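To keep things clear, I will list the structure first and then write my remarks on it.
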Amino acid sequence: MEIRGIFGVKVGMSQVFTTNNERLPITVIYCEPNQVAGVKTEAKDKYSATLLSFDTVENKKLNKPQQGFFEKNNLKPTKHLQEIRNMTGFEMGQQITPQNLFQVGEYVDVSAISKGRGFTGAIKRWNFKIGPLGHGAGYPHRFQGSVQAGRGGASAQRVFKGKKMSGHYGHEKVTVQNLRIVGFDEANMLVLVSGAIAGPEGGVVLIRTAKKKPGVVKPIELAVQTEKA
Amino acid sequence: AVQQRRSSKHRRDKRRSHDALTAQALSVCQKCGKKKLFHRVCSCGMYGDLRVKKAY
Amino acid sequence: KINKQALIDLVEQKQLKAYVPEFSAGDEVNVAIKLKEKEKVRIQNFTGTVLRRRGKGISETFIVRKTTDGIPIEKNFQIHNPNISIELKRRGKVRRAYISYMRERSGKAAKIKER
Amino acid sequence: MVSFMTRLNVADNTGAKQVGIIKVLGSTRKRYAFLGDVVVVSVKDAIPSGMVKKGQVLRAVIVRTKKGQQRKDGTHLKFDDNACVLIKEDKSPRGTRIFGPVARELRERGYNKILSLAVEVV
Amino acid sequence: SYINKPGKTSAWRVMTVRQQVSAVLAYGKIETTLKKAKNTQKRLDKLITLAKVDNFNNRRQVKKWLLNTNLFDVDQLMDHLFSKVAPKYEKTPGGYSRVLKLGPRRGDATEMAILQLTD
RNA sequence: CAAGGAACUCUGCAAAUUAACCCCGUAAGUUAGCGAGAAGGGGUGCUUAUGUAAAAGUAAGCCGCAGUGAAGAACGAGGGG
RNA sequence: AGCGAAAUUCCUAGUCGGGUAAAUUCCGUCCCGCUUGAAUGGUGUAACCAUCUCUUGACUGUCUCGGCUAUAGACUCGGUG
RNA sequence: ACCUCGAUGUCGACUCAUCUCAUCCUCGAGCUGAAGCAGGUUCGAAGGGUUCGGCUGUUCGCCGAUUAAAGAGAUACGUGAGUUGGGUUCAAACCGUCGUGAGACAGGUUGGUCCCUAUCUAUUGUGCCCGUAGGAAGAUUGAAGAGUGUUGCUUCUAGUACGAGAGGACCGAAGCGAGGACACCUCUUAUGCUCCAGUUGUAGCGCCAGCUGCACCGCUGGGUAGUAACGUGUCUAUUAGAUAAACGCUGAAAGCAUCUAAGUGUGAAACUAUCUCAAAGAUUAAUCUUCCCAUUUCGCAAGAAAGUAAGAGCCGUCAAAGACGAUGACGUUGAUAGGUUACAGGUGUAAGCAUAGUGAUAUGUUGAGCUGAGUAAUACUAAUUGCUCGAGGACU
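Protein chains in written order, with the entry's author numbering: chain b, 1 to 229; chain y, 2 to 57; chain o, 3 to 117; chain j, 1 to 122; chain m, 2 to 120.
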């Protein structure tokens, strides 16, 4: 199925009361109209994708190769360049606006880098039960568990590859699927997305067309206060 | 815990290939000779203006 | 690209009112709850003291605590939730922004009141 | 949070004074006794002028949770004690009267007949 | 593991911060570890900014952040502050002090640095 | 450290609540000495006033979430070998 | 004589009653007690127990299921080793 | 008794599990003395799930409550350089027995040492150097991979097929949940040791008040940010191909028949993709993009005076990162950090003043005062007036 896409940065989180007397936690994403840097059909490079530019910056804060590439095709000098698969409907030099890409209440997936917490221990990484603390505890009482699969000459005689063990955690591209967009703001280039999005504010945020829902539309509506003293 | 077979001298000489410091930066102060480290004060007690300290 | 990180309230501004009175914890208020069971829109009455006043903009939440027939009841309200009418009945001397004494304080002891 | 082997007070005319939840129903290790579920209980202390005595086990419905849960309506509810209503293994209960306010979120799971005999609903 | 020295707990840290800022106010230049001086400059400029009001409330507030030295007593230090410290720092908002990087120490080889007052 | 309160574990092991002051109250059994601080409850701050030698003691008034505000002061009950 | 599935019982996880949502542990009672049992003492016995065990009240991060803070250590830089 | 005695550490639970299929569940199919529900048995299918307690030291087992079920095993009857010692296996003692006695008993009971800073492999991440067709910056390709791939309940179809009545669906749809995975901090909590309020004991600021130092952060109630969860959102699937058991179509040997030999299909949570993640050290070291160099004259233009302009490194300021290394943002066109101003947020009426009151205290200035991280503007201070690597296309 055809998949549209857009880029932006999360700036905050709030909640919005919707219809049927309930709420919805919302994140607010500030996107900026972009320039289509390139489109590649499957007859030129065999991968039909679209390279887009975002986070526009001045020219005197960019290296020679990227600025030369940008001025070659008469595009804005931009900071970030990234590709999105399966999108060919647009063309060079066209701007992309979120209001002209989706409907009021369709489903779109989101992706962003993870909020790394450093060299996170095994327990937090895989939710392993802590050892007993009373009736004696030994030297360790917080460890990944025995990775042994068998002693002897040839039963295991090896620590199996890919066993869940402490190490780097976070700072890895993660995604959230099946989320509903509610509100738009054209005067500030602002969008509202239900749920929570991984990654701290200031990082890269990508919104793509959902795959588990191939683009089905079901409306979502919010109420308006009408009470005055 | 200890090793089974003793590590040879060439294993040691291979291991220490990375335990080597990175050299510092030489700098010539505008109002002091005796070339110094970059981004610090000089030996003549200066920093290009500001005679903030003596040489003692 | 440059942002204020305050647009959260800039979009929150549209879902506010002026009906909501300014009030703090330690006062007795009675609110009305609108309930919709697809028909017969029902109006409730809920009286009690305010426990806390936290949050800003649309995140302002507060608590109502009441004691009926020996059973305590506690409810939490988002201020700008739809169909929430709130009025001030009685206010007294406030001491703390959030109060933690409503479980061992009973009647026959004069609760503080001011002008 | 009302976990395994938890004391709670009876809230109906069953002849008991103190009841204890022993095993939750539903799925394994669900460790939850939130409003609207059905749970196995065992009466601890019973006095005359009632209908049932200690020793036997029953299936009841929990009503009061001290911690309280955030409802899907945007409002949070809290309690200062935990209580349950004894039923006779069907929709209709053994209880004839209810002490204190009860919840309403259990309306979708039935039991409106029991809900109809409470002093007030919050 | 077992019993050890109390270390660099928060109370000790703030006490040393106040001692260092009082000393640098009394004399003017202080050589020490770079990180500690950088941390203490916050409190230093806080006190300097709050001292320009020249009111008894400000005196009472800054009293609990100053410890006397051999050169000046607490009253002497406050008199010096009201005499020749405030008026110079009215035409320049914030950043009254500067910090520069000294060479490494002989024994510990940690980055020494000087902190001084300026226009 | 929310809610639960012994449900993990061989075992309430280890930890936590009761602590001092004075005032009530304290059973079966008992070699009548004990059991016993049994158990189970009250309050202790401040100001003024009354008093005896000062105190100890009492009345009135003040406030907080808390008044041996800090620290140092006992977990019991019952049934057995 | 007294006592008794007693830490003495292999059969036995003996019977039964009680405490329990459920008791190979506990209390009491039932005797064909392998080989109980009297100065290798037998039987109760008030108070004592860093004695062992059983039930229970409150209180408990032991636990449901973990979480945060501070330090010292650890860890990079220097010296020694 | 063939390896082990100049060491092969045995029971049990805890954490982590992995693997096989004689399948406990979910899946499909046949048969049936299967009206339906509900069964009984057999056939393929191991991706996933496979509960909590009381008893004894525990597997064995009993019992209780339940679950779609509460699998059968192995891995030194898995894992003491991972804990725990309850049992077994120490020196003490008791009781029964045995023995004339030292003493013993697969008889019973109470107490009681559990060490090791990791060299390599393996593994978890992580870097420095070189490498790829001259050198940089990038954007992709996905070869070979990994992770994820449980499901329950109620309602509708419907009291419909069926059966007589009673009773009571296969096939699909909707919502509500519980396990476990991914993140988030708007609400709710926990935490929050340079925050706010209150307050005791003391030592000082000569003294009243107000302060700091200490007393578990002195104590108690809150709370910025960050941080997490008991909290909130999503995931649990839809589908395609080839299929296993099966069911077929037509059609043969041997004019019939036949699901099979040819040809052709339908067909299971399994297999390969659609889901997510990483990925050219993928030597098959891949494609494309841009930027720069090829500069008269000297053995192999070989370093011959110009050794990139492209960029990177040294050093500095920092957290969206962070054990160091790395990543990311910026180094005077400069907002990178610390300031100053503005505000949010938290606390809750600052001190002093006036005044009622015998006096604690109360009342108005005062929703003021204060503030660690927060959101911004502002060159105020620090990032300085710097140094180094870095080119003549190697092979058609």
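Idealized CB from N, CA, C, for every residue including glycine.
Chain-ordered neighbours of residue i on chain j, where CB pairs are closer than 7 Å
i: o:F79; result: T75
i: o:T70; result: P101, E120
Beta-carbon proximity check, residue i vs residue j, cutoff 8 Å
i: b:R180; j: b:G105; result: yes
i: residue 124 of chain j; j: j:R109; result: What is shown of chain j runs 1 to 122, which leaves residue 124 of chain j out entirely.
i: b:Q15; j: b:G93; result: no
i: b:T18; j: b:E186; result: no
i: b:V11; j: b:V28; result: yes
i: j:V24; j: j:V41; result: no
i: o:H82; j: o:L12; result: no
i: m:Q117; j: m:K30; result: yes
i: b:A112; j: b:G215; result: no
i: j:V119; j: o:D71; result: yes
i: b:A210; j: b:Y107; result: yes
i: m:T33; j: m:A114; result: yes
Cut-off 7 Å between Cβ atoms - residues of its own chain near residue i, not counting five sequence neighbours on either side
i: j:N13; result: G95, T96, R97
i: j:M1; result: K67
i: y:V53; result: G46
i: j:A60; result: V39, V41, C84, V85, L86, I87
i: m:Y90; result: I49, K53, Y97
Proximal chain y residues relative to residue i, where beta-carbon distance stays under 8 Å
i: m:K39; result: None at all; the shortest Cβ gap to chain y is about 15 Å.
As assigned by DSSP and simplified to three states, the class of residue i
i: o:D11; result: helix
i: j:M1; result: coil
i: b:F7; result: strand
i: m:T50; result: helix
i: j:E120; result: coil
i: b:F70; result: helix
i: o:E89; result: strand
i: j:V10; result: strand
i: o:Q17; result: helix
i: m:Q77; result: helix
i: m:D109; result: coil
i: b:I84; result: strand
Contact set for residue i: own chain, Cβ-Cβ below 6 Å, skip 5 residues either direction
i: m:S23; result: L67, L68
i: b:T50; result: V39, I84, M87
i: y:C43; result: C30, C33, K37
Partner residues on chain y for residue i, Cβ-Cβ distance less than 7 Å
i: m:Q117; result: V53
Where residue i meets chain o, residues with beta-carbon distance less than 8 Å
i: b:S14; result: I10, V13, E14, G59, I60, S61
i: b:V204; result: In chain order: nothing, as chain o lies at least about 13 Å away.
i: j:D12; result: Under the 8 Å cutoff, chain o gives no residues; its nearest Cβ is about 14 Å from j:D12.
Within chain b, partners of residue i - CB distance below 9 Å
i: o:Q46; result: Under the 9 Å cutoff, chain b gives no residues; its nearest Cβ is about 13 Å from o:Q46.
Nonlocal neighbours in the same chain, by C-beta distance under 8 Å from residue i, ignoring five residues either side
i: m:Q77; result: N69
i: b:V205; result: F7, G8, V9, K10, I29, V110, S111, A112, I197, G199
Neighbour list for residue i in chain b, Cβ cutoff strictly below 8 Å
i: o:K3; result: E32, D55, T56, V57
i: o:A20; result: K228, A229
Residues that residue i contacts on chain m, provided the C-beta gap is smaller than 8 Å
i: y:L38; result: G104
Near-chain j residues of the segment 18-41 of chain b (beta-carbon distance less than 7 Å), N- to C-terminal order: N21, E22, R23
Residues from the segment 75-102 of chain o in contact with chain b, defined by Cβ distance under 9 Å: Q80, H82, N83, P84, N85, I86, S87, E89
Positions along the segment 54-72 of chain j whose CB lies within less than 8 Å of some CB in chain b: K72
Where the segment 209-224 of chain b meets chain o: residues whose CB sits under 9 Å from a CB there: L222, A223, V224
Members of the segment 84-112 of chain m near chain y, C-beta cut-off 8 Å: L101, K102, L103, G104
Chain o contacts from the segment 104-118 of chain b (Cβ-Cβ distance under 9 Å): none
Interface positions of the segment 168-192 of chain b facing chain o (Cβ-Cβ less than 7 Å), listed along the chain: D185, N188, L190
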